[PDB]
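Peer 1: One structure follows; several queries about it will come next.
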Amino acid sequence: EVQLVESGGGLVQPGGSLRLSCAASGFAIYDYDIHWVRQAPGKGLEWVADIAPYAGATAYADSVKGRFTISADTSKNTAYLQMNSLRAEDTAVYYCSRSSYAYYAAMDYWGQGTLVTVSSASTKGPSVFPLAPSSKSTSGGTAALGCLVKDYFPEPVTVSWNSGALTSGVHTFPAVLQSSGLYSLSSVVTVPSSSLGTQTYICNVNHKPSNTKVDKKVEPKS
Amino acid sequence: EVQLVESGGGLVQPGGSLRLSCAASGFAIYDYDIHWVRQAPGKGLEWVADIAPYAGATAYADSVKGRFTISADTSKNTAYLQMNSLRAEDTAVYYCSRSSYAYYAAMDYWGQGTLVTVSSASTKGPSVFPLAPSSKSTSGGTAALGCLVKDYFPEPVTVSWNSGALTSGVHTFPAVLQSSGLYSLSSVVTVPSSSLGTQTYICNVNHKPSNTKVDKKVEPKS
Amino acid sequence: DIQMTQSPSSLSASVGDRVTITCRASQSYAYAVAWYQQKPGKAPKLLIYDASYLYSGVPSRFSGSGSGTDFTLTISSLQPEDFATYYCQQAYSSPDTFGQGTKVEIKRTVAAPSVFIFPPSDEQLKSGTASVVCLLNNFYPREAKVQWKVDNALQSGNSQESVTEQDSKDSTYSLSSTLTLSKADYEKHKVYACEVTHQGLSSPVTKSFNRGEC
Amino acid sequence: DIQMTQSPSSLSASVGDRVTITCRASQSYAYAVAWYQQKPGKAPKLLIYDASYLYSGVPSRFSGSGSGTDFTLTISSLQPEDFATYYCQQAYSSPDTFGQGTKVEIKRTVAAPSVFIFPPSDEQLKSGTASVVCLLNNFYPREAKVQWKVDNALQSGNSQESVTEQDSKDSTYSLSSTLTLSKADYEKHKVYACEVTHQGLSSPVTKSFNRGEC
Amino acid sequence: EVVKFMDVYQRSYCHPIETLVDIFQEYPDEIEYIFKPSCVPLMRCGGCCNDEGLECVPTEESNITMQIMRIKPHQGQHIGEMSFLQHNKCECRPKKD
Amino acid sequence: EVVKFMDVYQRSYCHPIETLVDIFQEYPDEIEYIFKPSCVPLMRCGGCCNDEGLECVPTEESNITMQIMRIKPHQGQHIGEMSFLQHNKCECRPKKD
């Protein structure tokens, strides 16, 4: 099965550089047209560049040319987007694609995407705080508990519960930018209230930028 | 009206040269294909060469190439056959032609022809002798008289009677080669026998090679 | 930009409705229209190409019209998992072409938020800030007033909301309100309340606690 | 030589007969056959081309067949002026091509030669040769024995014939016999006779004279 | 020896190429004639647009004159001059309607 | 500027000339495919024989190989190699029968 797997997004002082990579598998990038398409927070899609190895033919969106150079290495079956001279408005989720004549120019496989974020702001590691279940967490026979992930940068952060075994009732909130310029979110989960005391609940937070891996256990109070 | 008019044939010691000319009129030789086709005494037709000015394209029969060079001058609307290195078997009546694509390669206008004769033999002028009408020239009411053209070279010789006014009954004989290598012929004419004495009879011989013009009168005897 | 004009920018429709997003191409012939489905924080997934054709494994409820310059993605029986941003794309001569987009959402039977409050954790106070989380879990529609009151004293601009993106099976939302303040400030008050207003909730609901019961 | 095989080499036919000369071409398709008519001591005149077509002003009595490689010039009603040598020519790729030829002649009602003798002129004797001319005027067919006898003594190889080419209106011939000798030799005989034999002349005719009557 | 893709594409894309047109085409009711040569070398629009909904067609043009033999079978023949249309620039426009 | 007769004749006479052939022709039942480019530049027999009873046809030939994009609509696509016939020498033979 075909998949595209990108990597290399991260945090960069403005005017610096990154190298995004699009590893393909299950087909030759040689034979196809490989794209980079980006998405700034909350906005829509903007094509950035594309390479077609077979033709030796590249292209660049007006806003990006001169600084970025797309490229390919078909022995490693990987494409690349070297970005230099980076800007605040460049900040986005960079997506890579596959276009072909078979599917009438349509883009049919995209990668999961990396996040490029262009800021002067410092990498900060979050703080994990139990949102404990009280009687003020209770409604009928259900009882909500969670984990507050406070003050971090850049994005993103992963939260799972009991290492993946608890998926049901979990709401992990979209991060928010506080006055400080720092993100923050909570993941909360709704459970049966009979299980408090019999069944331990641990939130697994992970903020890879700041080497922050935290496994906080959430129990009731006195 | 179209006509082709050739000139330049004559007598040439073997190994010498002549220049035959084919003056055209009433059409451009430029636009057509002009030929030289020859005929040895008593034999049939042998193509020698041809020129097509428009194409700049000439050709030569195997037996003749190297020595002859056909050529054209379309301002004078004349073609030319320069022959060098001439031989006994070259001796013939050289004819020039016109071939076209209109008449499906066929040769549709030919000139009257000149005679080329290649010999070591001397030009000799003939002798004109009256063949007088006697009673041994008489049969019924008709009576034959003539003129003997004896010992000349090369060919040819013209004989007319009373400067052209007498054509009827005239037989001018094909020349013959005597042991000597010299031609000879008679032109005889059959007339009413009432006219002998009232009507003078003069044969006009002309052998242009030897500047021989003779106007001999033929009368009966004593 | 080889233009494409997508409308509507956003829309609602109850389950099973005949939803139809449309797009309007540039000045060329050019039938190379594709349609993509983008679920939140996730790669675009191709649906339809050349305007009518249908990528493999895509459900029968999606179709499309290539009729002059007027193209139409069309979801016969809209589903609770079809919440997303659909983008169109005229791609014949180039990719510099992507519709503005259309956030489709489900419309549904009025849901009431259950409200929960969370006093700050012990250790967060050990470091000297104090965050108080409110939680309106699983409601509809998105709009809702959460108001903080500390000893009946409204607060402002020390709080902050975040809203779950529509739930792909049951089409509800969730929202966290997060009041945040100094440890010092947390000590000098007693009552911390959270005042949820909602369209499908006749009586402006209050969840609260006294510091530090218990 | 791009060959062409003409047959017959020569032929006779009475006035009004259906004469047909034929030719056989080389190994190519190639319809560029022409036919020419050559009257004696005179330029060839074109008659027919591409095998069937007919040069301007040419009489209706000439036609031609282009049937594989077998071509046929065909004179429906042969005429007294049609005496000539007809040559064919396959001329598609080149002119190096010309049939061997065909002397056509007229066949006709037997004509008898009238015989005339001419003693040598006075002035020819003044220079010292002596030629004696015989003349079989207007006969048919071409073949005929003229024999010289000087005092009944046959001569040989001091005579010489010449034959008129067939007459284009009345299809007869003429022939001169010319005995030639020294003045000395002419003096030592008396009778000079000329002995004409001819197919349409039962009795071998003699014309003669005694030197020098008169 | 293998022709590389972009080289094939560049060489076969709609452009003016020396073509050999029959003269009967370029000259319509001239059937009272035969020509030598019967055809002529004209630059003309050729190759494809890599597409079924697109045709290759002339946008710029330019006249060239040529010495041709105008045979008129069974009458005669003469060299005259004869102008033909020549394509100087090509473009992949949309198929006619 | 006038093309002289013999120059026209020489240039338009039956000879091998760069021609642009559709690939659907040269490859018969390959309709489970579309090609890019859809055509290819092959040397091929062209011009006339100055005659109605004569056609221009190949006597010598030679294979050339080319990098072509073999699209198979709605499945996929790949660059493969694809040999085509190329005319190396021409001759004016007689029209077929």
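Naming scheme: A, B, ... for chains in displayed order of the structure tokens; residues 1 onward per chain; ligands 1 onward as shown.
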Can you list, as a PyMOL selection string, every residue of stretch 17-143 of chain D that DSSP puts in strand (DSSP E)?

Peer 2: chain D and resi 19-24+33-38+45-49+53-54+62-67+70-75+84-90+102-107+114-118+129-139

Peer 1: Return as a ChimeraX atom specification the full set of residues in stretch 54-178 of chain B whose backbone-based DSSP assignment is helix (DSSP H, G or I).

Peer 2: /B:54-55,88-90,135-137,162-164

Peer 1: For N, CA and C atoms, I'd like the residues from the last selection saved as a PDB file, in the first residue's frame.

Peer 2:
ATOM      1  N   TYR B  54      15.850  24.261 -67.180  1.00  0.00           N
ATOM      2  CA  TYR B  54      15.128  24.538 -65.941  1.00  0.00           C
ATOM      3  C   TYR B  54      15.674  23.736 -64.773  1.00  0.00           C
ATOM      4  N   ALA B  55      16.070  22.493 -65.043  1.00  0.00           N
ATOM      5  CA  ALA B  55      16.564  21.569 -64.014  1.00  0.00           C
ATOM      6  C   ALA B  55      18.069  21.593 -63.859  1.00  0.00           C
ATOM      7  N   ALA B  88      34.678   8.044 -87.387  1.00  0.00           N
ATOM      8  CA  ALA B  88      33.979   7.601 -88.591  1.00  0.00           C
ATOM      9  C   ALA B  88      32.513   7.174 -88.326  1.00  0.00           C
ATOM     10  N   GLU B  89      32.307   6.421 -87.246  1.00  0.00           N
ATOM     11  CA  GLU B  89      30.971   5.944 -86.875  1.00  0.00           C
ATOM     12  C   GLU B  89      30.092   7.044 -86.247  1.00  0.00           C
ATOM     13  N   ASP B  90      30.686   8.194 -85.922  1.00  0.00           N
ATOM     14  CA  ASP B  90      29.913   9.379 -85.533  1.00  0.00           C
ATOM     15  C   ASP B  90      29.182   9.997 -86.727  1.00  0.00           C
ATOM     16  N   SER B 135      15.952  11.110-129.585  1.00  0.00           N
ATOM     17  CA  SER B 135      14.872  10.202-129.923  1.00  0.00           C
ATOM     18  C   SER B 135      14.930   8.935-129.055  1.00  0.00           C
ATOM     19  N   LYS B 136      16.070   8.686-128.408  1.00  0.00           N
ATOM     20  CA  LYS B 136      16.203   7.546-127.499  1.00  0.00           C
ATOM     21  C   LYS B 136      15.815   7.931-126.068  1.00  0.00           C
ATOM     22  N   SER B 137      15.288   9.149-125.914  1.00  0.00           N
ATOM     23  CA  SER B 137      14.676   9.630-124.667  1.00  0.00           C
ATOM     24  C   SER B 137      13.160   9.658-124.784  1.00  0.00           C
ATOM     25  N   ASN B 162      14.457  24.606-113.703  1.00  0.00           N
ATOM     26  CA  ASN B 162      14.064  26.010-113.963  1.00  0.00           C
ATOM     27  C   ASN B 162      13.821  26.851-112.705  1.00  0.00           C
ATOM     28  N   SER B 163      14.793  26.800-111.793  1.00  0.00           N
ATOM     29  CA  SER B 163      14.804  27.576-110.547  1.00  0.00           C
ATOM     30  C   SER B 163      13.639  27.300-109.585  1.00  0.00           C
ATOM     31  N   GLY B 164      12.935  26.188-109.786  1.00  0.00           N
ATOM     32  CA  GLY B 164      11.859  25.764-108.905  1.00  0.00           C
ATOM     33  C   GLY B 164      10.517  25.638-109.595  1.00  0.00           C
TER      34      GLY B 164
END

Peer 1: Which residue out of D:17, D:185, D:1, D:170 has the minimum interatomic distance to residue D:111 when only C-alpha atoms are used?

Peer 2: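 Under the stated criterion, the closest residue is D:170.
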
Peer 1: Tell me the residues of chain F close to chain B, meaning within 10 Å using only C-alpha atoms, as a list in words.

Peer 2: residues 4, 5, 6, 7 and 9 of chain F

Peer 1: Any idea what's packed within 10 Å of residue B:200, counting only C-alpha atoms, ignoring anything in its chain fewer than 4 positions away? Could you give it as a VMD selection string?

Peer 2: chain B and resid 162 195 to 196 217 to 219

Peer 1: Could I get chain F fitted onto chain E (least squares, all C-alpha atoms, in order) as a PDB file with C-alpha atoms, in the first residue's frame?

Peer 2:
ATOM      1  CA  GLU F   1      20.930   4.576 -27.342  1.00  0.00           C
ATOM      2  CA  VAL F   2      17.603   5.708 -25.740  1.00  0.00           C
ATOM      3  CA  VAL F   3      15.708   8.957 -26.308  1.00  0.00           C
ATOM      4  CA  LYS F   4      15.132  10.520 -22.876  1.00  0.00           C
ATOM      5  CA  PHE F   5      11.537  11.519 -22.005  1.00  0.00           C
ATOM      6  CA  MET F   6      11.830  15.316 -21.838  1.00  0.00           C
ATOM      7  CA  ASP F   7      13.733  15.205 -25.122  1.00  0.00           C
ATOM      8  CA  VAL F   8      10.904  13.287 -26.810  1.00  0.00           C
ATOM      9  CA  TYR F   9       8.317  15.615 -25.348  1.00  0.00           C
ATOM     10  CA  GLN F  10      10.182  18.738 -26.411  1.00  0.00           C
ATOM     11  CA  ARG F  11      10.685  17.406 -29.930  1.00  0.00           C
ATOM     12  CA  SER F  12       7.129  16.166 -30.503  1.00  0.00           C
ATOM     13  CA  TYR F  13       5.250  19.103 -28.992  1.00  0.00           C
ATOM     14  CA  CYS F  14       3.245  21.264 -31.358  1.00  0.00           C
ATOM     15  CA  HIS F  15       5.746  23.340 -33.401  1.00  0.00           C
ATOM     16  CA  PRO F  16       6.528  24.314 -37.038  1.00  0.00           C
ATOM     17  CA  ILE F  17       8.179  21.394 -38.901  1.00  0.00           C
ATOM     18  CA  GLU F  18       9.316  20.912 -42.516  1.00  0.00           C
ATOM     19  CA  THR F  19       6.362  19.100 -44.082  1.00  0.00           C
ATOM     20  CA  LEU F  20       5.785  18.032 -47.704  1.00  0.00           C
ATOM     21  CA  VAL F  21       2.419  19.225 -49.006  1.00  0.00           C
ATOM     22  CA  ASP F  22       0.728  18.219 -52.254  1.00  0.00           C
ATOM     23  CA  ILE F  23       0.147  21.269 -54.474  1.00  0.00           C
ATOM     24  CA  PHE F  24      -3.354  20.166 -55.526  1.00  0.00           C
ATOM     25  CA  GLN F  25      -4.354  20.878 -51.916  1.00  0.00           C
ATOM     26  CA  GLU F  26      -2.808  24.338 -51.726  1.00  0.00           C
ATOM     27  CA  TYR F  27      -4.256  25.255 -55.129  1.00  0.00           C
ATOM     28  CA  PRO F  28      -7.850  24.331 -55.510  1.00  0.00           C
ATOM     29  CA  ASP F  29      -9.412  24.358 -58.990  1.00  0.00           C
ATOM     30  CA  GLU F  30      -6.048  24.110 -60.796  1.00  0.00           C
ATOM     31  CA  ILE F  31      -6.879  20.700 -62.308  1.00  0.00           C
ATOM     32  CA  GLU F  32      -6.177  22.114 -65.784  1.00  0.00           C
ATOM     33  CA  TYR F  33      -2.576  21.472 -64.604  1.00  0.00           C
ATOM     34  CA  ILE F  34      -0.056  18.964 -63.285  1.00  0.00           C
ATOM     35  CA  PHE F  35       2.922  20.053 -61.213  1.00  0.00           C
ATOM     36  CA  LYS F  36       6.599  19.150 -61.071  1.00  0.00           C
ATOM     37  CA  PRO F  37       7.407  18.515 -58.422  1.00  0.00           C
ATOM     38  CA  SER F  38       3.793  17.516 -57.553  1.00  0.00           C
ATOM     39  CA  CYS F  39       4.498  18.584 -53.926  1.00  0.00           C
ATOM     40  CA  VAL F  40       6.583  21.199 -52.101  1.00  0.00           C
ATOM     41  CA  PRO F  41       8.440  21.535 -48.785  1.00  0.00           C
ATOM     42  CA  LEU F  42       6.580  23.882 -46.461  1.00  0.00           C
ATOM     43  CA  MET F  43       7.119  24.560 -42.761  1.00  0.00           C
ATOM     44  CA  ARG F  44       3.799  23.517 -41.074  1.00  0.00           C
ATOM     45  CA  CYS F  45       2.179  22.859 -37.725  1.00  0.00           C
ATOM     46  CA  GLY F  46       2.827  19.369 -36.327  1.00  0.00           C
ATOM     47  CA  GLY F  47       3.009  16.874 -33.461  1.00  0.00           C
ATOM     48  CA  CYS F  48       0.492  16.754 -30.643  1.00  0.00           C
ATOM     49  CA  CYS F  49      -0.730  18.564 -27.530  1.00  0.00           C
ATOM     50  CA  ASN F  50      -0.686  15.489 -25.238  1.00  0.00           C
ATOM     51  CA  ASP F  51      -4.449  15.509 -24.927  1.00  0.00           C
ATOM     52  CA  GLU F  52      -7.572  14.406 -26.843  1.00  0.00           C
ATOM     53  CA  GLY F  53      -9.362  17.740 -26.286  1.00  0.00           C
ATOM     54  CA  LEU F  54      -6.617  19.844 -27.913  1.00  0.00           C
ATOM     55  CA  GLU F  55      -5.393  20.378 -31.514  1.00  0.00           C
ATOM     56  CA  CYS F  56      -2.223  22.007 -32.894  1.00  0.00           C
ATOM     57  CA  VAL F  57      -2.913  25.059 -35.142  1.00  0.00           C
ATOM     58  CA  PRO F  58      -1.215  28.082 -36.820  1.00  0.00           C
ATOM     59  CA  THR F  59      -1.198  31.520 -35.138  1.00  0.00           C
ATOM     60  CA  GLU F  60       1.564  33.200 -37.140  1.00  0.00           C
ATOM     61  CA  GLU F  61       2.126  32.608 -40.895  1.00  0.00           C
ATOM     62  CA  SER F  62       4.332  33.774 -43.791  1.00  0.00           C
ATOM     63  CA  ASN F  63       4.323  33.340 -47.593  1.00  0.00           C
ATOM     64  CA  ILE F  64       7.176  31.608 -49.510  1.00  0.00           C
ATOM     65  CA  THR F  65       7.488  31.627 -53.329  1.00  0.00           C
ATOM     66  CA  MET F  66       8.792  28.652 -55.408  1.00  0.00           C
ATOM     67  CA  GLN F  67       9.902  27.839 -59.006  1.00  0.00           C
ATOM     68  CA  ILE F  68       7.379  25.228 -60.145  1.00  0.00           C
ATOM     69  CA  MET F  69       6.852  23.495 -63.509  1.00  0.00           C
ATOM     70  CA  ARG F  70       3.232  24.000 -64.496  1.00  0.00           C
ATOM     71  CA  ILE F  71       2.475  21.232 -67.018  1.00  0.00           C
ATOM     72  CA  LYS F  72      -0.845  21.473 -68.888  1.00  0.00           C
ATOM     73  CA  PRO F  73      -1.170  18.007 -70.508  1.00  0.00           C
ATOM     74  CA  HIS F  74      -1.581  17.964 -74.345  1.00  0.00           C
ATOM     75  CA  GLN F  75      -1.031  21.698 -74.762  1.00  0.00           C
ATOM     76  CA  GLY F  76       2.269  22.623 -73.138  1.00  0.00           C
ATOM     77  CA  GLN F  77       4.402  23.525 -70.133  1.00  0.00           C
ATOM     78  CA  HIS F  78       6.307  26.382 -68.455  1.00  0.00           C
ATOM     79  CA  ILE F  79       8.203  27.219 -65.273  1.00  0.00           C
ATOM     80  CA  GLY F  80       6.276  29.775 -63.209  1.00  0.00           C
ATOM     81  CA  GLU F  81       6.408  31.033 -59.614  1.00  0.00           C
ATOM     82  CA  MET F  82       3.866  29.777 -57.056  1.00  0.00           C
ATOM     83  CA  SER F  83       3.428  31.043 -53.494  1.00  0.00           C
ATOM     84  CA  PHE F  84       2.491  28.723 -50.626  1.00  0.00           C
ATOM     85  CA  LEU F  85       1.435  29.275 -47.000  1.00  0.00           C
ATOM     86  CA  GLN F  86       4.100  28.599 -44.337  1.00  0.00           C
ATOM     87  CA  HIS F  87       3.515  28.310 -40.557  1.00  0.00           C
ATOM     88  CA  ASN F  88       5.987  30.422 -38.468  1.00  0.00           C
ATOM     89  CA  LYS F  89       4.454  29.861 -35.022  1.00  0.00           C
ATOM     90  CA  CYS F  90       2.172  27.236 -33.468  1.00  0.00           C
ATOM     91  CA  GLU F  91      -0.112  27.013 -30.451  1.00  0.00           C
ATOM     92  CA  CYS F  92      -2.296  24.383 -28.806  1.00  0.00           C
ATOM     93  CA  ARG F  93      -5.782  25.916 -29.077  1.00  0.00           C
ATOM     94  CA  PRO F  94      -9.049  24.123 -28.134  1.00  0.00           C
ATOM     95  CA  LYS F  95     -10.642  21.685 -30.622  1.00  0.00           C
ATOM     96  CA  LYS F  96     -13.072  23.491 -32.934  1.00  0.00           C
ATOM     97  CA  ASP F  97     -16.268  23.971 -30.851  1.00  0.00           C
TER      98      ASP F  97
END

Peer 1: Could you list, as number ranges by chain, the residues of chain C having an atom within 10 Å of chain F when counting only C-alpha atoms?

Peer 2: C: 49, 53-56

Peer 1: Go ahead and save the residues from that selection, with N, CA and C atoms, as a PDB file, in the first residue's frame.

Peer 2:
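Result file part.pdb:
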ATOM      1  N   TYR C  49     -12.699  13.227  -8.937  1.00  0.00           N
ATOM      2  CA  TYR C  49     -11.809  13.852  -9.922  1.00  0.00           C
ATOM      3  C   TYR C  49     -12.390  13.897 -11.346  1.00  0.00           C
ATOM      4  N   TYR C  53     -15.758  11.543 -11.695  1.00  0.00           N
ATOM      5  CA  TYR C  53     -15.184  10.247 -11.333  1.00  0.00           C
ATOM      6  C   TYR C  53     -14.895  10.189  -9.822  1.00  0.00           C
ATOM      7  N   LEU C  54     -14.711   8.990  -9.265  1.00  0.00           N
ATOM      8  CA  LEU C  54     -14.846   8.755  -7.821  1.00  0.00           C
ATOM      9  C   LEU C  54     -13.717   7.897  -7.254  1.00  0.00           C
ATOM     10  N   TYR C  55     -12.794   8.499  -6.505  1.00  0.00           N
ATOM     11  CA  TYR C  55     -11.623   7.752  -6.046  1.00  0.00           C
ATOM     12  C   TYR C  55     -12.041   6.448  -5.351  1.00  0.00           C
ATOM     13  N   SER C  56     -11.185   5.430  -5.406  1.00  0.00           N
ATOM     14  CA  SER C  56     -11.497   4.102  -4.853  1.00  0.00           C
ATOM     15  C   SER C  56     -11.814   4.112  -3.362  1.00  0.00           C
TER      16      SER C  56
END

Peer 1: Enter the distance from atom CA of residue A:123 to atom CA of residue A:182, in Å, rounded to one decimal.

Peer 2: 9.5 Å

Peer 1: Residues within 10 Å of stretch 35-52 of chain B, please, as a ChimeraX atom specification. Count only C-alpha atoms; anything in the same chain fewer than 6 positions from it doesn't count.

Peer 2: /B:20,22,29,58-65,68-72,79-81,89-100,107,110-111,113-117 /D:38,40-41,44,85-87,94-102

Peer 1: Show me which bits of chain C are within 7 Å of chain A, counting only C-alpha atoms, as a ChimeraX atom specification.

Peer 2: /C:32,34,42-44,46,49-50,91-92,95-96,98,100-101,116-118,121,124,162-164,214

Peer 1: Write to file, as a PDB file, in the first residue's frame, the residues of the selection just made, with N, CA and C atoms.

Peer 2:
ATOM      1  N   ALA C  32     -10.633  19.474 -15.159  1.00  0.00           N
ATOM      2  CA  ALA C  32      -9.770  18.771 -14.203  1.00  0.00           C
ATOM      3  C   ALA C  32     -10.092  19.124 -12.757  1.00  0.00           C
ATOM      4  N   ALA C  34     -11.158  18.480  -9.041  1.00  0.00           N
ATOM      5  CA  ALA C  34     -11.161  17.474  -7.980  1.00  0.00           C
ATOM      6  C   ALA C  34     -11.826  18.040  -6.738  1.00  0.00           C
ATOM      7  N   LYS C  42      -5.701  17.070   9.883  1.00  0.00           N
ATOM      8  CA  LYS C  42      -5.530  15.826   9.147  1.00  0.00           C
ATOM      9  C   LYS C  42      -5.452  16.076   7.662  1.00  0.00           C
ATOM     10  N   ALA C  43      -4.759  15.162   6.997  1.00  0.00           N
ATOM     11  CA  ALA C  43      -4.404  15.307   5.600  1.00  0.00           C
ATOM     12  C   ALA C  43      -5.673  15.309   4.789  1.00  0.00           C
ATOM     13  N   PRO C  44      -5.724  16.111   3.729  1.00  0.00           N
ATOM     14  CA  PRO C  44      -6.838  16.025   2.779  1.00  0.00           C
ATOM     15  C   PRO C  44      -6.949  14.629   2.136  1.00  0.00           C
ATOM     16  N   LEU C  46      -8.744  12.610  -1.025  1.00  0.00           N
ATOM     17  CA  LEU C  46      -9.406  12.790  -2.321  1.00  0.00           C
ATOM     18  C   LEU C  46     -10.736  12.007  -2.389  1.00  0.00           C
ATOM     19  N   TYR C  49     -12.699  13.227  -8.937  1.00  0.00           N
ATOM     20  CA  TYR C  49     -11.809  13.852  -9.922  1.00  0.00           C
ATOM     21  C   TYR C  49     -12.390  13.897 -11.346  1.00  0.00           C
ATOM     22  N   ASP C  50     -11.712  14.635 -12.220  1.00  0.00           N
ATOM     23  CA  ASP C  50     -12.284  15.115 -13.487  1.00  0.00           C
ATOM     24  C   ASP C  50     -13.716  15.673 -13.367  1.00  0.00           C
ATOM     25  N   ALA C  91      -7.567  21.723 -11.822  1.00  0.00           N
ATOM     26  CA  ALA C  91      -6.165  21.294 -11.800  1.00  0.00           C
ATOM     27  C   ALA C  91      -5.638  20.916 -13.168  1.00  0.00           C
ATOM     28  N   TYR C  92      -6.266  21.441 -14.213  1.00  0.00           N
ATOM     29  CA  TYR C  92      -5.989  20.996 -15.569  1.00  0.00           C
ATOM     30  C   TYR C  92      -4.635  21.504 -16.041  1.00  0.00           C
ATOM     31  N   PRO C  95      -1.763  23.373 -10.365  1.00  0.00           N
ATOM     32  CA  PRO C  95      -2.307  23.193  -9.016  1.00  0.00           C
ATOM     33  C   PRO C  95      -2.537  24.483  -8.224  1.00  0.00           C
ATOM     34  N   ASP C  96      -2.160  25.671  -8.741  1.00  0.00           N
ATOM     35  CA  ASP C  96      -2.228  26.948  -7.988  1.00  0.00           C
ATOM     36  C   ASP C  96      -3.668  27.307  -7.665  1.00  0.00           C
ATOM     37  N   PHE C  98      -7.204  26.302  -5.657  1.00  0.00           N
ATOM     38  CA  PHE C  98      -7.877  25.568  -4.631  1.00  0.00           C
ATOM     39  C   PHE C  98      -8.981  26.460  -4.132  1.00  0.00           C
ATOM     40  N   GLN C 100     -11.745  28.097  -1.720  1.00  0.00           N
ATOM     41  CA  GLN C 100     -11.639  28.719  -0.407  1.00  0.00           C
ATOM     42  C   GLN C 100     -12.014  27.721   0.706  1.00  0.00           C
ATOM     43  N   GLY C 101     -13.019  26.891   0.438  1.00  0.00           N
ATOM     44  CA  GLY C 101     -13.411  25.811   1.325  1.00  0.00           C
ATOM     45  C   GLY C 101     -14.835  25.921   1.841  1.00  0.00           C
ATOM     46  N   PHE C 116     -19.246  20.678  34.683  1.00  0.00           N
ATOM     47  CA  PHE C 116     -18.321  20.166  35.693  1.00  0.00           C
ATOM     48  C   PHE C 116     -17.302  21.255  36.022  1.00  0.00           C
ATOM     49  N   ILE C 117     -16.960  21.376  37.298  1.00  0.00           N
ATOM     50  CA  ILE C 117     -15.905  22.301  37.707  1.00  0.00           C
ATOM     51  C   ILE C 117     -14.770  21.609  38.460  1.00  0.00           C
ATOM     52  N   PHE C 118     -13.585  22.150  38.241  1.00  0.00           N
ATOM     53  CA  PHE C 118     -12.344  21.597  38.712  1.00  0.00           C
ATOM     54  C   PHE C 118     -11.542  22.661  39.417  1.00  0.00           C
ATOM     55  N   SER C 121      -5.317  22.046  41.035  1.00  0.00           N
ATOM     56  CA  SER C 121      -4.597  20.953  41.678  1.00  0.00           C
ATOM     57  C   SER C 121      -3.699  21.485  42.781  1.00  0.00           C
ATOM     58  N   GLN C 124      -0.067  22.705  41.463  1.00  0.00           N
ATOM     59  CA  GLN C 124      -0.072  23.958  40.698  1.00  0.00           C
ATOM     60  C   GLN C 124      -0.007  25.182  41.626  1.00  0.00           C
ATOM     61  N   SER C 162     -11.833  26.947  24.832  1.00  0.00           N
ATOM     62  CA  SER C 162     -11.442  26.114  23.703  1.00  0.00           C
ATOM     63  C   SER C 162     -12.614  25.193  23.357  1.00  0.00           C
ATOM     64  N   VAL C 163     -12.850  24.958  22.070  1.00  0.00           N
ATOM     65  CA  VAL C 163     -14.023  24.188  21.653  1.00  0.00           C
ATOM     66  C   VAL C 163     -13.632  22.999  20.808  1.00  0.00           C
ATOM     67  N   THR C 164     -13.847  21.811  21.364  1.00  0.00           N
ATOM     68  CA  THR C 164     -13.870  20.558  20.617  1.00  0.00           C
ATOM     69  C   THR C 164     -14.494  20.721  19.228  1.00  0.00           C
ATOM     70  N   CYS C 214     -13.678  20.163  48.478  1.00  0.00           N
ATOM     71  CA  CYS C 214     -13.108  19.308  49.520  1.00  0.00           C
ATOM     72  C   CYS C 214     -12.524  18.031  48.933  1.00  0.00           C
TER      73      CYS C 214
END

Peer 1: Which distance in Å separates atom CA of residue A:6 and atom CA of residue A:25, to one decimal?

Peer 2: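 Going from atom CA of residue A:6 over to atom CA of residue A:25 covers 11.6 Å.
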
Peer 1: Rounded to one decimal in Å, what is the spacing between atom CA of residue B:167 and atom CA of residue D:119?

Peer 2: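 Atom CA of residue D:119 lies 24.6 Å from atom CA of residue B:167.
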
Peer 1: Find the residues around residue A:215 up to 8 Å (only C-alpha atoms counted), leave out those fewer than 3 positions away in its own chain, and share them as an MDAnalysis selection string.

Peer 2: chainID A and resid 202:205

Peer 1: Generate the output file for the selected residues, C-alpha atoms, as a PDB file, in the first residue's frame.

Peer 2:
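Saved file part.pdb follows:
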ATOM      1  CA  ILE A 202      -2.973   8.134  33.842  1.00  0.00           C
ATOM      2  CA  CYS A 203      -2.716  10.758  31.128  1.00  0.00           C
ATOM      3  CA  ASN A 204       0.248  10.376  28.779  1.00  0.00           C
ATOM      4  CA  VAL A 205       1.383  13.798  27.618  1.00  0.00           C
TER       5      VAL A 205
END
